[PDB]
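Residue numbers (PDB author numbering), protein chains in the order written: chain E, 104 to 383; chain F, 126 to 383; chain A, 104 to 383; chain B, 104 to 383; chain C, 104 to 383; chain D, 104 to 383; chain G, 128 to 158, 172 to 383.
The structure appears right after this line, and notes come after that.
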Amino acid sequence: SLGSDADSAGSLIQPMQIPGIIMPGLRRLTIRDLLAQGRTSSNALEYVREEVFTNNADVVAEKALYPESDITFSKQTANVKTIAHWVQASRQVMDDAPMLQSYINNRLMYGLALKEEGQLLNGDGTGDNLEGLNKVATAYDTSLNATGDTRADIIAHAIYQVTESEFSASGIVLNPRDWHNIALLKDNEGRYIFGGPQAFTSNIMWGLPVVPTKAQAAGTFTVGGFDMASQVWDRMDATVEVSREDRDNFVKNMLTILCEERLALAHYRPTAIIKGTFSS
Amino acid sequence: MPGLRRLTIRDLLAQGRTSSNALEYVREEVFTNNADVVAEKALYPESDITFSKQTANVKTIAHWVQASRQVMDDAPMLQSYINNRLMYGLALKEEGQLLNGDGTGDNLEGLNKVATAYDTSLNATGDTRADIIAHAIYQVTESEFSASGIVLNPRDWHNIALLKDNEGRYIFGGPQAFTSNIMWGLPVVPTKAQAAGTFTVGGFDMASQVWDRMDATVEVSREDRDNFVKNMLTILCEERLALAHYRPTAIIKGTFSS
Amino acid sequence: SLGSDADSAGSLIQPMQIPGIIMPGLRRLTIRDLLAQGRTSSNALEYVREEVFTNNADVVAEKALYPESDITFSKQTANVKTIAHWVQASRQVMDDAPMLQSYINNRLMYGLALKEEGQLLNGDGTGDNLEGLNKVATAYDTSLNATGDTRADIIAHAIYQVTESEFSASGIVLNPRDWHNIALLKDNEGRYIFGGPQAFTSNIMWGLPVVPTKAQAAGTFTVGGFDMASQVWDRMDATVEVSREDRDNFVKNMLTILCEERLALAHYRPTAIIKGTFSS
Amino acid sequence: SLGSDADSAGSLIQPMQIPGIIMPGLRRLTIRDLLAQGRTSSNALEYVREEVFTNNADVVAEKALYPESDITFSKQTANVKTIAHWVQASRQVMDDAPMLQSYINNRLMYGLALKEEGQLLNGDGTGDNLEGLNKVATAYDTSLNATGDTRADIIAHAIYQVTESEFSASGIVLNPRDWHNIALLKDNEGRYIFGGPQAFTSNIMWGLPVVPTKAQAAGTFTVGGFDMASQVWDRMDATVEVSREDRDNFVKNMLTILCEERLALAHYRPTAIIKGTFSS
Amino acid sequence: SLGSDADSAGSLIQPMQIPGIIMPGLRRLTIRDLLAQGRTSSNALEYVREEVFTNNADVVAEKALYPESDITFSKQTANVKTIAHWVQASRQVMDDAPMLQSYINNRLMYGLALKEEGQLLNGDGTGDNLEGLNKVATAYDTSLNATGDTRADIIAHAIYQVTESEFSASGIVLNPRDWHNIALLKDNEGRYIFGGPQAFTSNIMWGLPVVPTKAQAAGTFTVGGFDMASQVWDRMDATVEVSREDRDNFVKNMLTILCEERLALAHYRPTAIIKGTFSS
Amino acid sequence: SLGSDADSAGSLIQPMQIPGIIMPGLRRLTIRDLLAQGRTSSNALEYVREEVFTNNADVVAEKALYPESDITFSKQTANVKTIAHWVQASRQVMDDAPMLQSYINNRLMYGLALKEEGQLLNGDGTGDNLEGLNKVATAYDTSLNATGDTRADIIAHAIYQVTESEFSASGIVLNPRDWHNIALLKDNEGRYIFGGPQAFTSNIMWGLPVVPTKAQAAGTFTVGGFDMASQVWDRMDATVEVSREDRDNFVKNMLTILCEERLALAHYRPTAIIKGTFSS
Amino acid sequence: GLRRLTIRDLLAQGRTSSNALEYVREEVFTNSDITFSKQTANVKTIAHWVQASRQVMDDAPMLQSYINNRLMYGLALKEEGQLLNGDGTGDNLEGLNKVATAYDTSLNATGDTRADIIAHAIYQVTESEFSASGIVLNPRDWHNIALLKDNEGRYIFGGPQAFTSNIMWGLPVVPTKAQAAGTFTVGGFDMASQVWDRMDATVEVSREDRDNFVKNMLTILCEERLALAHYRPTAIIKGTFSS
């Protein structure tokens, strides 16, 4: 009998290829689009912020000596760092896969922009590592915690701590898993606070937009007025340049694709940022 | 005239028509992302990528019945009925594979087979059955994709839409009204195919696609084997399918602890 | 003294007559309106219903033996039964009272059609009786019950068991006293479940029409796809024919009135019908 | 000193007369306005109701005898009773008080019209006394009362009992006090069933009009389709006449004021009326 | 050193005067504006009310003697009382502070009008004291208080008792403090009955306007149809006169100020007014 | 390797200067904008308020002795005080940083105005300190506390205390932290009083606006009709003068900047302002 | 094809467009009330396959003409094989020996022969209020009948000169091989039980049935579906040869 196995027939019917490739899960970048964008052209940035304001204004009695108040200033600096990575491949492949080139670019960008968001959130500040939000951010005041408070109360408590800097909040950042267990909070009767199975609710909390990014650690969180509390300064937009002559690539018939970018983070009002830790 | 109902699964996935023996597609396997911070005049990080040629074969499903040609030609009304029964019966098994496909031999790679295991550590103390399904919807997000639908054993879904709070009220609408087939804004399809006690969730809308080679068609034959001699009639109902799994990470399978 | 007493002049005044006749509560006709209506011209018609479907459809390889599926069919016979009753009356009264017969006629239809429903529901199926729905219907799955269930919870379960026959549930049948009690249901907090204490909810439950007929025995319920499952076949419509000449009627100057009809109940799918008993 | 005391100068001035007599609470006339009103000119009314319909419709056997059904007719009667009363007074006072007569008239009418309701409700039926509703009304079925039922739950049951007779219930009657205690029911939660303290609830219950009248004794209720269950026939509308020459009146120089009214209460369908006692 | 001390030169600058006297709070007069008003010019008022109406109206048999009914009336009086007070001051303060009498005049009118309510409400009725409302008000029916009743639950009962008179209530008067503890009531869950903390509740209860007045003793309350319950008659509006020659005022160069008013309260229908006291 | 460390070549790139200075959190002032304002020209204010009104207007019998009523007036004074502070800086720095001057001026104002608010509330009222709103405010009635009351109940209770002067409360003042916990109040079921987490809660309570200010010490609160309870008087607006010859400034090359303001607070009706403390 | 006598021709021939039909029949007797018995009559089918080589079939067009007729006859032979003897299953039919009335032996006389006993069976046709029609026997038995003589050696039917065909006592005779040796049946068929034809005797060929283009074996099938209706079981009588 004429089957379809390699043994007999079947070596004629070629499987119809599916146009293009299957790109994996693309994390929704948001952190960048949260802070103010800046366009620099130098190596570093120097700014000045009022450090200590010793106010002694008081009720001075008649014909007496007035109070002497003092003020302090500091020069906080923000250095420019660089993020990038390269991937060398065979030119033999590139010539056969036309759309491969334009693809790899769409990847390295995501791959880079990912670590971009990664640093921004938790920058060590150690040497080359940037100084992320969860580094400078003022710690959550444990005093605000009361008897029997849901994880939701804590967040609300945080939003307040922001107001202690006379500045209004802009958004809330959490680990998707944590935010999940929150949307499922139930009252003493049974009903859901946000949900109610028949339909699902949006990512809003106390009028403030919620942003659940996997970049955030499981247990930690952040709240503040990002759209005015800090600014990201771009030196060089994410560019992708290719080289056919890179070192011994000419002799090996290979292209060395590169994707670089120069950034710099600035922390104006650190008092408007809060980093806490969920207890359980 | 016999009527049917909704509750479709084939409609839940991407439907495309083919005309070949199989489908060759490529997917990004292991992406070695090493992008990081780099000191001045230092050597940059090297990253790499991996690909695979995942193939999905075109299998065939069908069945037949041998009846008396006499009863058929004398009462042609029964003809159309029998046909519609097989069409319905086959379609039931169409889902049979899609859900629990052995993946081995001739059985297709069922969703449950390819599905990523449910996270056991998510179930908290004092959770209901709905709380679980909810957890699953999140598991999908771990793939960076929006969940599309939900599939469960009819008996299970039944005892679910009937849950009540401490006050006593019904969660999915009071008895005065009907109980819509939706959860958290997501459609739901209860089928016997799904085993009692198990469940499935994912972004079927674009996580996996079904490829139809030959639509379910029924054709009869007067002549065949015995037939002519035993004045029999062989009715056949066939359908050539092929299932492909693009993003397996976007599908979960678990079990209730009740 | 001249009074209105029968002894005195009270024999002169005649009480004012009131037209028409006070016809007792006319029950609302249902059931028959739920089933499919068909007409015949025979004494009976043998139908066939799908007994056992043996599905065996499975995947197969090339040069493979296709699977065989079997479907068992139960041959059932639908008999045409006859219902009626006669009334012997004085032909003298008929002449003295015009629209009397016009009344008696429209009175027997109700009397007859009453048993019409009385059979279709609780048909004994014993010889001269009809194979009633409850007699045919499959029993309720006592296993579907769960701790804490209410009366409503049960009916809900039934609607599901209908789906097991691969058929859409049509309506619900109950004894008024039961249905009434059901509507007046309360939660663990207090308030009513249907409409409220100010509005009596309509006859709709779980999105399906509810039919309360005294015909349905108390503590018994029936559910299914009536508008598609079983069909009723009419041989002779409800007709009334009278005759002065008959037995000794002509001699006693009597007139016997007759009202009859010929029905036939079909059951294409019992699985799609459930009957259970309310536990108290 | 001169004071307003009688023993002083007080007897000089006179108090300012206040035009108008102080009529007590004019009880809101109801019931009659509810019941279907008619009009006759005789002294009695006769109607006919189907007493007993002996239905025997059943399935028929092969070549056998048929069922014999029978019916009963009763000539229920309703007499025309007379209600009235008279007041006797001095013809002297009448001339010294113009508006007096015009007042008495407006009183006797209300006085008579009051006893009118009084009969329609609790009519002894004792010969002369009219056959009140509560007399003919079908007793409430006790076996309908469930466990843990509110006073409202009962009335709800009552409604149905009318439907058990195949009729349109339309109207509720009870002692104002009872209605009050009812409209103030609270759930195990606390909230008021018929609207919070914000506003007083309307006299609507279960989509049915509510009529709280003092006529109805405490712990007694009535339900039905009064707008069709019974009809009141008027023979003599309430009129007022006076005679100065009546017997003694002339010589005693008096005057007699008369106020008569010939009524007749008909009870077509008693089955459509219910009366019960409250479980206190 | 030349400061503003007393021992220094500070005793030169005179502080800026603030024209206008600081008149304390003014209790919003209400009572008087509630009930109907009018005026007379005599010493008392004699109105006529229907005392007893023996309605013996009943059913009468033919050729029988109709029932005899009788009526009764009683002339009720209403005495005109006087209320006032005087203030004695020196003319030395008057000529030196012109804008004084102009003040006191507009202060005594208030002072008097204040005690005006004091009588209208808790009117003793003994001796020359005016017969207030609470005194004449029909007692409260304690036989209405059920088990587990709220304070507002009681007031509701009162409103009903107005129907006992066959009239409609048009107001509810209570001590502000009591009313406060009422509006702040909550169910067995916590939710406020009169509205969530967001917005304050209006002075409405059971569709009837609420009137909080300090004139009402704490724990006491009143309900009725004032606009048709009782009318106030004025003999002389609030007047203010002064005398320098009053008694020994001349030989003391003092001045006596008077502020009198002649009132008279009449209670037409007392049955439509209820007074009571809270349990706690 | 020609890098940009510092010793290599980093000494060539000058950091991009960030225009302007980062000013800390700017506390939104409120208190001052709550009271009526008006300028003066003296150094003290005198007002006269009716202390005790001994009213005795009672009912008087005919030809009797009228009641004597007395009145009292007090001369309450209000002193003006001065608040300020100075800053000593190098004349060199000034000439090197232009905008500095304009900044300091704009910073001293806020610095001063801060204590302005700080005094108006917690004014010791002792030696030179102004008689702050709290020091004057009538103490809260401990008797207005019901069983199981939340902080939310108390605030409402306070509003009533204001009504004990016949005035309306203009607003509510308290420490932000305290108000925070209040906004997060839950009922016995566990739900939120002001708003579900999905939504945001406004800053109003019982129709009255709420004003949170750090100035208010934690655990304290104030309520009343401020708009006309007290008035602020400005002798001299907040101005800023500068001297280059202050003391030894011409020898040390220093420049002294001063920011002063002459304020005077008056308290008309104290009985319309309440202060209290939470006992949680 | 001149044929002989067909048992099929002995019954009234009608037509139908159904799969069956409910009839009515008599059973018990009394004279003057009678009794009945009512039931249905189902339609079955008859035929037989003929596996032959297409090779020779196309070598002669006029060949299939004969092949066809050879089957048309074999069809009738199998037809009469079940008409007399039928189980009553979905394949078989309700046979005559099932709806027959055994011979009343008491109608015998002393000094009778085989020729007398068959005429005795004719009288039993009278006790059904009907007339006689046909006679059926085994060819071998009938052969003995025609060759019968008396004690002296003389024929009954007469010499060879006197002879028409298959008749006896003015009634037709159909000696079929279907009737067992020593068995016989009689009745008034022309008016007793009749037959209705749904589909006439039509043949339909197939180049497909298991082995066709596998061996060039084209199988021919001569089919026909009819229906036998029984009205009077008393008008039928079956017996045996006692000697």
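Beta carbons: idealized from backbone N, C-alpha and C, even for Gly.
Per-residue DSSP class, three states only, for residue i
i      : result
A/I116 : coil
D/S273 : coil
C/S172 : coil
C/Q179 : strand
F/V265 : helix
A/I186 : strand
Closest Cα partner of residue i within the set the options
i      : options                           : result
E/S172 : E/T185, E/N158, E/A181 and E/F353 : E/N158
C/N182 : C/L224, C/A167, C/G235 and C/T304 : C/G235
A/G379 : A/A369, A/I121, A/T325 and A/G123 : A/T325
A/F270 : A/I134, A/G328, A/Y169 and A/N209 : A/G328
B/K218 : B/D199, B/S346 and B/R135         : B/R135
Per-residue contacts from residue i into chain F (C-beta, under 8 Å)
i      : result
A/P170 : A187, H188 and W189
Residue i: contacting residues in chain D (beta-carbon distance under 8 Å)
i      : result
E/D281 : Ordered by position in chain D, no residue passes the 8 Å Cβ test against E/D281, which lies about 15 Å from the chain.
Exposed unless 16 or more other CB atoms sit within 10 angstroms - verdict on residue i
i      : result
C/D351 : exposed
C/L129 : exposed
G/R254 : exposed
A/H260 : buried
C/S333 : buried
B/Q195 : exposed
Interface partners of residue i on chain B, CB under 8 Å
i      : result
C/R152 : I124 and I125
Limits of the unbroken beta strand (DSSP E) element including residue i
i      : result
E/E154 : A147 to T157
G/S205 : Run containing G/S205: none in the beta strand (DSSP E); it sits in the alpha helix (DSSP H), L203 to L223.
D/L368 : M357 to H370
B/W336 : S333 to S346
Within chain A, the residues that residue i reaches when beta carbons sit closer than 7 Å
i      : result
E/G106 : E165 and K166
Boundaries (first-last residue) of the alpha helix (DSSP H) holding residue i
i      : result
E/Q195 : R194 to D199
B/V239 : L236 to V239
Partner residues on chain C for residue i, Cβ-Cβ distance less than 7 Å
i      : result
B/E292 : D290, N291 and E292
D/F270 : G128
Residues that residue i contacts on chain E, provided the C-beta gap is smaller than 7 Å
i      : result
D/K218 : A160 and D161
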